[PDB]
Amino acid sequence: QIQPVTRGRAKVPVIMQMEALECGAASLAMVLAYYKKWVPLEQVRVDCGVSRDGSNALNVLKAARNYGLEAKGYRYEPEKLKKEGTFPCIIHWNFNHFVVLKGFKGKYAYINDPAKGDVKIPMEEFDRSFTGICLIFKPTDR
């Protein structure tokens, strides 16, 4: 019954990466937890294929699909993410990193960063840090 939010912000629990290469897996774990899909974090790491190069967006999406979520990857400019995004979603960050985007309010983006916890990013900084790649999720039958 839990749907993505299209209007305000999604309430998403904070999960920290246990080490630096795990951000992809921590970010999908938070998305799974929003939909109450209980999957051990160790399993998520392995299903995302965490390696010495972190994870990649194709593998994050494939792992999400095996757990029953519909999953698609988009390239969006910042303004179209704000307009058409749904929450939570996973976004590529500083060409390096994955964080969970919960939504926007005022001059602020609301993120669960696996390296920092729950943070509020000023729009100007958001706009430079978001690289354009956004993984968008929807529950199963449709």
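Quick note: we count residues from 1 along the sequence shown, nothing fancier.
**Q** So which stretch wins on mean C-alpha B-factor, 45-53 or 73-81?
**A** Looking at the recorded C-alpha B-factors, 45-53 comes out higher on average.
**Q** Decide which of the stretches 23-31 and 107-115 has the higher mean C-alpha B-factor, going by the entry.
**A** Taking the mean C-alpha B-factor of 107-115 and of 23-31, the larger value falls to 107-115.
**Q** For the listed residues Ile121, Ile15, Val12, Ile133, which one has the largest C-alpha B-factor as given in the deposited model?
**A** By C-alpha B-factor in the record, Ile121 ranks first.
**Q** When the deposited Cα B-factors of this chain's modelled residues are ordered and cut into thirds, is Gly68 in the lowest, the middle or the highest one?
**A** Its C-alpha B-factor, which the entry lists for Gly68, ranks in the highest third among residues of this chain.
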